[PDB]
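Participant:
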Amino acid sequence: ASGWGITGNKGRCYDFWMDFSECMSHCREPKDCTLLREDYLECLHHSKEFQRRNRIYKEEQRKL
Amino acid sequence: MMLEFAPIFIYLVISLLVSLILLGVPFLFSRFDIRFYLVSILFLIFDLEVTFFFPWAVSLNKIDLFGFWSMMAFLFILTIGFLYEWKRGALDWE
Amino acid sequence: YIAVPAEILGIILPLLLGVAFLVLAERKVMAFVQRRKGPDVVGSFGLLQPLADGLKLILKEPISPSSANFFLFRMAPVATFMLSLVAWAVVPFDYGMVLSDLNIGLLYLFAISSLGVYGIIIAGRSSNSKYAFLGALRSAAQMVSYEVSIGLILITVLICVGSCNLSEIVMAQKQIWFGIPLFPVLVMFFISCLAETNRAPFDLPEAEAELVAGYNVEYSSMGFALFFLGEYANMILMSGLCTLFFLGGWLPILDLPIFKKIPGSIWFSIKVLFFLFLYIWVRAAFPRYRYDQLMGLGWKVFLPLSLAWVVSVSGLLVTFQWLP
Amino acid sequence: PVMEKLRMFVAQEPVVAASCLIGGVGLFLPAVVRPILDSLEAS
Amino acid sequence: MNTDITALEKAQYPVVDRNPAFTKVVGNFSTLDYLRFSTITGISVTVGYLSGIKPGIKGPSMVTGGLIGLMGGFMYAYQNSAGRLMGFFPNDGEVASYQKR
Amino acid sequence: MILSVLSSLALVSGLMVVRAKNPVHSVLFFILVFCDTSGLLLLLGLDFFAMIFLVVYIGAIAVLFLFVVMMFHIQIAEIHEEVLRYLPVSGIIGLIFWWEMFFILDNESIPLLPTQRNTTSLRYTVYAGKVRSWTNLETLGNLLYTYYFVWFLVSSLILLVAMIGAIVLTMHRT
Amino acid sequence: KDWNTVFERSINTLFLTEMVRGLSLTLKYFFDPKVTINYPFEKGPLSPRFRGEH
Amino acid sequence: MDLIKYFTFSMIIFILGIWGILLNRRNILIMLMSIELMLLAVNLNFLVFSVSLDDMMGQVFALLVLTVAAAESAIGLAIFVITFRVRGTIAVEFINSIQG
Amino acid sequence: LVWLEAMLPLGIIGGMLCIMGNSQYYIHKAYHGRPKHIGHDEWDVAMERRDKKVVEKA
Amino acid sequence: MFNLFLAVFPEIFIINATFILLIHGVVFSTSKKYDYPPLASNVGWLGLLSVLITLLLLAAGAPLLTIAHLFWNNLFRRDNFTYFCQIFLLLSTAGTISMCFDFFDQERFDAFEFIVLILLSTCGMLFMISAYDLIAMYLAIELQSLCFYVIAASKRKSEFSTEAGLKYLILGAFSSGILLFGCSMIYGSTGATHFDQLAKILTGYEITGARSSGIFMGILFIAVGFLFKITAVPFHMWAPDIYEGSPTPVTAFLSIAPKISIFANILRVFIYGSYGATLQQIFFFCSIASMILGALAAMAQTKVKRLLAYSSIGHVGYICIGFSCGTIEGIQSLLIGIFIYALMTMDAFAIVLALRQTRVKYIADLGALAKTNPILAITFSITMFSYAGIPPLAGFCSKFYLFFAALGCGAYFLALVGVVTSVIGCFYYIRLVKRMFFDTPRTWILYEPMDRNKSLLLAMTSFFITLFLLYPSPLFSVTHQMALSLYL
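Order-wise, the sequence lines are chains e, A, H, b, f, J, I, K, a and N.
When we follow the authors' numbering, the leftmost residue of the first sequence carries the number 2, and every step to the right adds one.
Letter by letter, the second sequence follows residues 1 to 29, 55 to 119 in the authors' numbering.
When we follow the authors' numbering, the leftmost residue of the third sequence carries the number 2, and every step to the right adds one.
When we follow the authors' numbering, the leftmost residue of the fourth sequence carries the number 2, and every step to the right adds one.
When we follow the authors' numbering, the leftmost residue of the fifth sequence carries the number 1, and every step to the right adds one.
When we follow the authors' numbering, the leftmost residue of the sixth sequence carries the number 1, and every step to the right adds one.
When we follow the authors' numbering, the leftmost residue of the seventh sequence carries the number 58, and every step to the right adds one.
When we follow the authors' numbering, the leftmost residue of the eighth sequence carries the number 1, and every step to the right adds one.
When we follow the authors' numbering, the leftmost residue of the ninth sequence carries the number 3, and every step to the right adds one.
When we follow the authors' numbering, the leftmost residue of the tenth sequence carries the number 12, and every step to the right adds one.
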C-alpha cells in the first residue's frame with residue numbers, strides 16, 4: 002500500500018491498492034469496491050491463482 | 001544477487017576442517058565490576074550509530090540536504106548522551 | 002562449484018605460510034633492531050624455524066585441564082582461528098582476484114571484527130583461572146572499545162566511495178589515494194588496528210611481567226598455536242585493510258605506463274609488507290599503556306575524532322556536490 | 002573575561018578542541034556555504 | 001524533498017502570504033509579539049534565579065532559564081506572526097501593509 | 001530442504017537457550033539462533049539485515065548478556081528446578097498455539113503445490129527494472145532519513161534514555 | 058600563555074612528533090652490523106686469569 | 001510453500017520464547033532471554049512480510065525494532081544488576097516481598 | 003648488508019600474498035573460460051542465462 | 012521548509028528544553044566549585060516552566076498544528092481530539108511535577124535525571140497521542156515504557172524499588188512483544204500500517220465467513236498489549252506491585268498520564284478502525300473482570316497505596332464499559348470519566364505525598380487525623396466519597412454512565428455487577444473516613460503540614476470535586492467535540 006518496492010521501483014501491488022482507494026474515496030457503500038479490494042488482496046497473497054493451479058494439479062493426479 | 005555468498009560458505013566449511021585437523025592431530029601421538062557493563066552499554070549505542078550510518082553514507086547522493094540534517098539531529102541527540110557519559114565518569118577507568 | 006575448493010585452498014594455505022613467516026620476520030626485524038641475529042640456525046638464515054616450531058607444537062602433549070567446560074575450552078581457539086581465516090574471502094588482491102565479490106563487503110568485515118571477541122572471552126571463562134578470566138575481560142573490553150573508531154573510519158571511507166564493495170573502494174582511488182586527503186584518518190585507523198589486534202603498545206596479553214595474565218595462559222600445544230595464528234593472520238588482514246582503504250589497493254603510485262607494467266598484486270603486496278613492517282617497528286620502539294590509559298584513549302580521543310571526521314567529510318562533500 | 006578560558010581549554014584538551022573544530026567546519030559548510038552557492042547559481 | 005504547506009483546516013482570514021519566509025515572518029513581528037517574547041523571557045529568568053538560590057547557582061540558573069525563555073518566546077512570537085501572515089489568526093494589520101504596499 | 005535444515009538447527013538451539021542448566025551456555029546457544037536467523041535472511045536476499053543481525057545482536061547485545069552473566073557467577077542451586085511437571089501445561093499451551101498459529105497463513109496464503117511439470121519456463125523477465133539495480137542498503141537508506149525521519153529521531157530518543165538509565169541505575173564513581 | 062606556544066604543544070600532541078624520534082633511532086641500528094657471536098664456531102674473549110674446570 | 005516455511009521458522013522462535021517463560025519460574029535471566037527471542041521472531045516476520053508483499057515498510061520497522069530491542073536489553077540488564085547488588089543473589093525468593 | 007637476512011621472510015610473505023591472488027584468479031579463468039567480472043549484477047546474470055539459450059539453441 | 016515545522020513546535024521546544032536541562036544538571040551537579048549541589052528542585056522548577064511553555068505553544072497554535080498535513084501524514088495526524096488530549100496530558104505532567112518538591116528536599120532525592128526522564132516520557136506520550144501508524148505507535152509506547160522502567164527503579168538501593176523495576180521490565184517487555192507480534196500479523200495480512208489504509212481495508216466485511224485469521228489475531232494481540240497498558244484484568248497484576256514499590260511521585264505520575272495517552276491510542280486504532288463486536292466483547296469482559304477483582308482486592312488491602320492501585324483498576328473497568336458500547340455517548344462518557352478520575356487521583360496523591368513526610372504506610376496510620384488536622388481529614392473524606400460515587404460529588408458521573416449504558420445497551424448482568432461493586436467500593440472507601448473520624452487509637456501519628464504547592468493543588472481539586480456538577484457544561488461540550496473529531 003505504501004508503493005516503495007524492495008528493489009527501488011513501484012511496489013507490485015501498489016496500483017491495485019490505489020484503484021481500491023480511489024473507489025472507496027467516493028463510494029458510500031463499501032460493497033461497491035469489493036472487486037477492487039479482492040484484486041488488491043489477490044495481488045498480495047495470490048490465493049485464488051494458487052488454488053486454481055492446485056485444482057489443476059489435483060485433477061492431473063486423479064487422472065494418473 | 002546473493003550468489004557470491006556460496007563461496008563464503010564453502011570457505012567456512014574448509015576452514016573448520018583445517019581447524020579440526022590441526023587441533024585433533026596431537027591426540028594421536055565472584056566479583057562484579059560495573060564498568061564492564063557500562064563499556065558494553067556504550068559499545069551497543071555506538072554500534073547502532075555505525076549501523077544507521079551505513080545506509081546514510083551510501084545514500085547521501087539522493088537524500089541531499091534533508092537527509093544530512095536529519096542524521097545531524099540524530100548525532101546531536103546521541104552526542105548529548107555521550108557528553109552526559111563523559112561528565113559522569115563513565116569513560117574513566119581510574 | 003567443483004573448482005571453488007581449489008581456489009579456497011589456494012587462498013588458505015599460502016596465508017598460513019605467510020603467517021608462519023610473519024612470525025619469523027618479526028623475530029628477525031626485532032633482533033636486527035637490537036644488534037642481534039634472531040633465528041638463523043634452523044635452516045639457512047632461520048628459514049626452517051617456522052616449520053620446526055609448528056611441528057614441535059604438533060607433537061607436544063595437549064593438557065586440556067580438569068575444567069568443567071572441556072568442549073568450550075577447545076572450541077575457543079577454533080572459533081578465533083576460523084574467524085581470522087574467513088575475512089580473506091572478500092579481500093581483493095588485483096582486479097578480479099577475489100573469492101567473493103560481496104556488495105556488502107565492508108559491513109561483512111565489520112561483522113567479522115565484531116565476532117572476533119568471543120574466542121577470547123570464552124577462553125577466559127572456560128579456563129577455570131581467575132587470572133585468565135580478568136585478562137580476557139580486559140582484552141574483550143579493549144577490542145569492543147576500538148571497534149567503534151574502526152567502524153566510524155569505515156563510514157568515512159564509505160561516504161567517499163558510496164558503495165560497500167571493496168573492489169569499488171579500490172577503484173574509487175584511481176584519481177587519488179584516500180590516504181593523502183585523509184592522512185590523520187589513516188593514522189587513527191592504524192592505531193585502532195594496533196589496539197584491536199592486542200598489539201604493542203596495546204598488548205595486554207603479553208604483559209605477564211606486569212602482573213597481567215593473558216587469556217591464553219592455560220592453553221598448550223595447538224590451542225595456543227591456533228590463538229597465535231589467528232592473531233598474526235589478523236595483523237596481516239589489518240595491513241591489507243589499511244592498504245585497500247587508504248593506499249589505493251592494487252593501484253600504482255602514479256598513473257603512468259612505466260608504473261603500470263608491474264602487476265597490481267605486487268603493488269598490493271608491497272603496501273601490505275610496509276604496514277606489517279610498521280607493526281613490528283612500533284613493537285620495537287615503545288613501551289605499553291596501562292589498561293585504564295588505553296581505554297581512556299579509545300573512548301576520549303579516537304571516538305570523538307572519528308565522529309568529527311565523519312561529520313567534516315560528509316559536510317564538505319554534500320556542500321560542494323562532490324558525492325559519488 | 003572569556004578569551005583565555007578558551008586558551009586554557011585548548012591547552013588542556015587539545016583532542017576535544019580539534020574534534021570540535023573539525024566537526025564545526027563540517028557543519029558550517031552546508032549551513033552557510035551551500036546556501037551561498039545555491040543562491041549564486043540561481044542568479 | 002517534495003513539500004506541501006496545505007493545512008487541514010482552511011484559514012478564516014485573508015491570506016497575506018501562504019508560506020512566508022523566516023526573515024519575512026521575523027520582520028513581521030508586532031509590538032504585541034515583542035511583548036509576549038519579553039514577558040516569557042523575563043518570567044523564565046525570574047524562575048531560574050529563584051529556583052537557583054538554594055543550590056547556590058542563581059547566576060547559572062538564571063542563564064539556563066533565560067535560554068529556555070528566549071527559545072520559547074521566539075517560538076511563540078514566530079508562531080503568532082506566521083499565523084497572522086498565513087491568515088490563521090486575525091491579521092488586520094498584515095492586510096493593511098498588503099493592500100497599501 | 002535448506003529451510004528444513006535451518007529450521008531444525010534453530011529449533012534445537014532455542015530449546016537449548018531455554019533449557020540449559022548454565023545461563024552462560026544459554027547465551028552462547030542464543031548466538032547460534034542469531035547466526036541461523038542471519039542465514040535465513042541471506043536466503044531472503046536481505047544481506048544488510050543479515051549482516052546487521054551479526055553486528056548488533058551477536059556483536060553488541062549478546063556480548064552485553066555474556067559480560068553480565070559471566071560476572072554474576074550464578075550457582076546452579078539458585079535457578080535450578082525440575083521441569084517434568086510442566087510437560088502437561090506446556091503441552092496444552094504449545095498445542096493450542098501450534099494449531100492456531102503455525103497455520104495462520106494457510107487460508108490466506110494457500111501454497112502452490114509443486115507439479116510434475118516445468119512451471120519455471122512460465123517465469124516472465126522484465127529487463128527494465130534490471131538496468132540499474134538498488135541494493136537492500138540503498139533502498140533502506142533512500143527512506144530512513146527523509147520520508148520517515150521522525151521515527152528515526154524517536155529511536156535516537158529511545159537510545160538516549162537507555163544511556164541515561166544505565167548511568168543513573170548502576171554508576172558508583174570512584 | 059601564548060597562542061603560538063599553545064598551538065605548538067597542541068600540534069606536537071596531535072601529530073605524535075616525539076614518537077617520530079623514537080622510530081628514527083630504532084631504525085638506525087637496523088642496517089648496522091650485529092654483535093652476535095657465532096657459537097660454537099666463534100667464542101667470547103677470556104683472560105689468562107679465568108677460573109674454570111679444576 | 002516458501003512463505004509458510006519462513007513463517008513457521010519465526011513461529012517456532014516465538015513459541016520457544018513462550019516456553020522459556022513457562023519453564024523458568026526460578027530463572028529470571030532466561031525469562032529476559034525468552035522475551036528477546038520473541039522480539040527476534042517478530043523482527044523476522046516484518047522482514048519476511050516485506051519481501052512477500054514487495055513493500056519496504058517492513059524493513060524500516062525491522063531496523064527501528066532492533067533499536068528498541070537494544071535499549072530494552074540494556075535497561076533490563078541494568079535493573080538485573082541493581083537487584084542482584086541489593087540482594088546479593090538472583091533467586092526469586094528474594095524478589096517477592098511486594099505482594100497482596 | 004647483513005640486514006638482507008630480514009628481507010627474506012618479508013619477501014616470502016609478499017610472494018604468499020601474490021599467490022593468494024593469482025592462483026585463485028587463474029583457476030576461475032580456466033573453469034569459466036574468462037576472468038571473473040567484478041560487479042556481476044541482476045543484468046549480467048540475466049544476460050548469461052539468455053546467452054546460454056541464444057548459443058545452445060543456434 | 013521552516014514553516015512545515017509549525018506542526019511540531021511544541022515537541023521541538025520541549026525536547027530542546029529537556030536537552031538544556033540535562034546539560035545544566037550534569038554540568039553543575041559535578042561541580043566542585045559549588046560543592047556538588049542537589050539540583051532536583053532547580054531542574055524541577057525549570058522543567059515545570061518548560062512544560063507550561065509547551066502547553067502555551069500547543070494551546071495557542073490550535074490551527075497551526077494541522078499545517079502541512081499531507082507532508083506530515085505518514086508520520087502523525089493532529090486534529091481536535093489530539094489537541095485536547097495533549098493539553099490534558101501536559102496539565103497532568105505539570106501537576107505531578109509540582110507535587111515533587113517536598114519529596115526532593117526532605118527525602119533528599121537529589122537526582123535531577125528523574126525530571127529529565129519524566130520530560131522524555133512526556134514527549135513520548137505526546138507522540139503516542141498523535142500516532143497514526145502502528146510503527147509510530149509502537150515507538151512512542153516504547154519510549155514511554157523505557158522511561159517508566161528507569162524511574163520506577165530510581166531508589167536503586169531499596170529492595171522495593173528494585174523489585175518493582177524488575178517486575179515492571181519483565182512484564183512490560185513481554186506485553187510489548189505480544190503487541191509487536193499483533194502489528195506484524197496485521198501488516199502481513201493487509202500490506203499496510205497507516206491507520207487510514209487499515210480503516211479502508213477492514214471496513215465493510217468484519218467477519219463475513221471468509222475471515223482473515225491473520226487480521227483477527229493481529230487485533231487480538233494488539234488488544235492484549237493495550238489491556239496490559241490500561242491495567243485491565245487479567246493483564247493487571249503488575250500494577251499493584253509496581254505502584255506500591257515505586258517512589259510515590261512515580262506512582263502518582265503512572266496513575267494518570269499513561270492512561271490518557273493509551274486511551275487516545277485505543278480510540279484512534281479501533282473506533283477509527285473496523286472489525287466485528289469481537290473487540291467490544293474483549294473490552295466488555297475485561298471491564299467486568301476488572302470491576303470485580305478491583306473491588307474485592309481493594310477490600311482486602313490494609314495499605315493506602317495498594318488500595319489506590321486496586322481502586323484505579325476498578326475504575327478503568329468502569330471506563331472501558333464506555334468503550335465497549337460503541338456509541339458517541341460511550342466515547343464522551345469515557346473521556347469524562349478519564350478526566351474526573353485524573354483530577355480525583357491527583358487530589359488523593361497530593362494528600363498521600365503530604366502524609367509521606369511522616370512515612371504514612373497503613374490505613375491505620377490515619378487514626379485521629381480529624382483531630383490533629385481537621386481540614387485535611389475533611390478534604391480526604393470529600394475525595395473518598397467522590398471515589399465511592401456518592402452525589403453530588405464529581406465521582407458520581409462514572410457511576411451514572413455505567414448504569415445508563417447498561418440499561419440502554421440492554422445489559423442486566425452488568426447492572427448487577429455494577430451495583431454489587433459500587434456497594435463494596437463504598438464500604439472500603441468509607442473505612443478510611445471511619446479510621447480518620449471514628450477511631451480512638453492509643454497511639455497517634457502527628458503529620459508534618461504540607462507545602463504550599465500541594466495545598467494549592469488540593470484546594471483547587473477539592474473545589475472542583477465538590478462543585479463540578481453545579482457548572483459542568485464546558486467538560487460535557489469539549490468531550491462531545493472530541494468524540495466527533497474522531498469520526499468526522
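For each residue, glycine too, the CB sits at the ideal point set by N, CA and C.
Return the residues of the region 62-80 of chain f that lie within a Cβ-Cβ distance of less than 9 Å from chain N, sorted by chain order.
Facilitator: Correct list: 63, 64, 65, 67, 68, 69, 71, 72, 73, 75, 76, 78, 79, 80.
Participant: Residue 338 (chain N) and residue 416 (chain N): beta carbons closer than 9 Å?
Facilitator: Yes.
Participant: Could you compute how far the alpha carbon of residue 19 (chain J) sits from the alpha carbon of residue 23 (chain K)?
Facilitator: Answer to the nearest angstrom: the Cα atoms are 8 Å apart.
Participant: State the CB to CB distance for the pair residue 348 (chain N) and residue 409 (chain N), rounded to an integer number of angstroms; the pair is presumed to be in contact (CB under 8 Å).
Facilitator: About 5 Å; that satisfies the 8 Å criterion.
Participant: Could you confirm whether any beta carbon from chain a is found closer than 9 Å to the beta carbon of residue 266 (chain H)?
Facilitator: For residue 266 (chain H), the answer is yes, since a Cβ of chain a falls inside 9 Å of its Cβ.
Participant: So if I threshold CB-CB distances at 8 Å, which residues from the region 28-53 of chain N count as touching chain A?
Facilitator: Under the 8 Å Cβ criterion, the region 28-53 of chain N contributes 30, 33, 34, 37, 38, 41.
Participant: Just to check my reading of the structure: residue 174 (chain H) and residue 297 (chain H) have Cβ atoms closer than 8 Å, yes? What is that Cβ distance to the nearest angstrom?
Facilitator: Actually they are not in contact, since the Cβ atoms of residue 174 (chain H) and residue 297 (chain H) sit about 34 Å apart, beyond 8 Å.
Participant: Output yes or no for whether 9 Å exceeds the beta carbon distance between residue 102 (chain N) and residue 79 (chain f).
Facilitator: No, the Cβ-Cβ distance between residue 102 (chain N) and residue 79 (chain f) is not below 9 Å.
Participant: Give me whichever residues DSSP pairs with residue 21 (chain J) in a beta bridge.
Facilitator: Partner(s): none; residue 21 (chain J) has no beta bridge.
Participant: Nearest to residue 502 (chain N) by CA position, among N:146, N:142, N:109, is which residue?
Facilitator: Residue 502 (chain N) falls outside the range modelled here, since chain N spans only 12 to 499, and no answer is possible.
Participant: Looking at the C-beta of residue 82 (chain H), does it have a partner C-beta in chain A at a distance below 9 Å?
Facilitator: At least one chain A Cβ lies under 9 Å of residue 82 (chain H).
Participant: If contact means a Cβ-Cβ distance below 8 Å, which residues of the region 75-97 of chain I contact chain a?
Facilitator: Those residues of the region 75-97 of chain I that come within reach of chain a (Cβ to Cβ, closer than 8 Å) are 87, 88, 90, 91.
Participant: When the Cα of residue 12 (chain a) is compared with those of H:13, H:24, H:4, which residue comes out closest?
Facilitator: The shortest Cα separation from residue 12 (chain a) among H:13, H:24, H:4 belongs to H:24.
Participant: Around the Cβ of residue 515 (chain N), are there at least 16 other Cβ atoms within 10 angstroms (buried) or fewer (exposed)?
Facilitator: Residue 515 (chain N) is absent from the model: chain N starts at 12 and stops at 499.
Participant: Tell me whether residue 221 (chain N) is buried or exposed, calling it buried when 16 or more other Cβ atoms sit within 10 Å of its Cβ.
Facilitator: With fewer than 16 Cβ atoms within 10 Å of its Cβ, residue 221 (chain N) is classed as exposed.
Participant: Is there a C-beta anywhere in chain I that falls below 9 Å from the one on residue 47 (chain a)?
Facilitator: It does not: the Cβ of residue 47 (chain a) has no partner Cβ on chain I nearer than 9 Å.
Participant: Closer than 7 Å, Cβ to any Cβ of chain e: which residues of the region 213-227 of chain N, in chain order?
Facilitator: Correct list: 214, 215.
Participant: Beta carbons nearer than 7 Å to chain I: which residues of the region 16-36 of chain H have them?
Facilitator: For the region 16-36 of chain H, which is checked against every Cβ of chain I, the residues closer than 7 Å are 33, 34, 36.
Participant: Does the Cβ of residue 123 (chain H) have 16 or more other Cβ atoms within 10 Å, making it buried, or fewer, making it exposed?
Facilitator: By the neighbour-count rule (16 or more Cβ atoms within 10 Å), residue 123 (chain H) is buried.
Participant: According to the neighbour-count rule (16 or more other Cβ atoms, all chains shown, within 10 Å of its Cβ), is residue 72 (chain H) buried or exposed?
Facilitator: Looking at its Cβ environment, which holds fewer than 16 other Cβ atoms inside 10 Å, residue 72 (chain H) is exposed.
Participant: Taking buried to mean at least 16 other C-beta atoms within 10 Å of its own C-beta, is residue 138 (chain J) buried or exposed?
Facilitator: Counting Cβ neighbours within 10 Å, residue 138 (chain J) comes out buried, since at least 16 surround it.
Participant: Under 9 Å, CB to CB, which of the residues in the region 60-75 of chain A have a partner in chain N?
Facilitator: Those residues of the region 60-75 of chain A that come within reach of chain N (Cβ to Cβ, closer than 9 Å) do not exist; the list is empty.
Participant: When we look at the beta-carbon of residue 104 (chain I) and count the other beta-carbons within 10 Å, is it buried (16 or more) or exposed?
Facilitator: Burial call: exposed.
Participant: Taking Cβ positions only, does residue 203 (chain N) come closer than 9 Å to chain e?
Facilitator: Interface residue, yes.
Participant: Are the C-beta atoms of residue 51 (chain f) and some chain N residue less than 9 Å apart?
Facilitator: Closer than 9 Å: yes.
Participant: Can you list, in chain order, the residues of its chain with a C-beta nearer than 6 Å to that of residue 447 (chain N)? Leave out the 5 residues immediately preceding and following it.
Facilitator: Once the five neighbours on either side are set aside, the close Cβ partners of residue 447 (chain N) are 377, 380, 381, 388.
Participant: Looking at the structure shown, is residue 98 (chain H) part of a helix, part of a strand, or coil, going by DSSP?
Facilitator: DSSP places residue 98 (chain H) in strand when its eight states are reduced to three.
Participant: Take residue 226 (chain H) and list the residues in its own chain whose beta-carbon comes closer than 6 Å to its own, dropping the five residues that flank it on each side.
Facilitator: Hits under 6 Å: 58.
Participant: Would you kindly check if the distance between the Cβ of residue 57 (chain J) and the Cβ of residue 32 (chain K) is under 9 Å?
Facilitator: Not a contact, by the Cβ cut-off of 9 Å.
Participant: At 8 Å on the CB atoms, spell out the chain A contacts of residue 165 (chain H), in chain order.
Facilitator: Chain A residues near residue 165 (chain H): 79, 83.
Participant: Taking CB distances under 9 Å as the criterion, tell me whether residue 58 (chain I) reaches chain b.
Facilitator: Output row for residue 58 (chain I): interface = yes.
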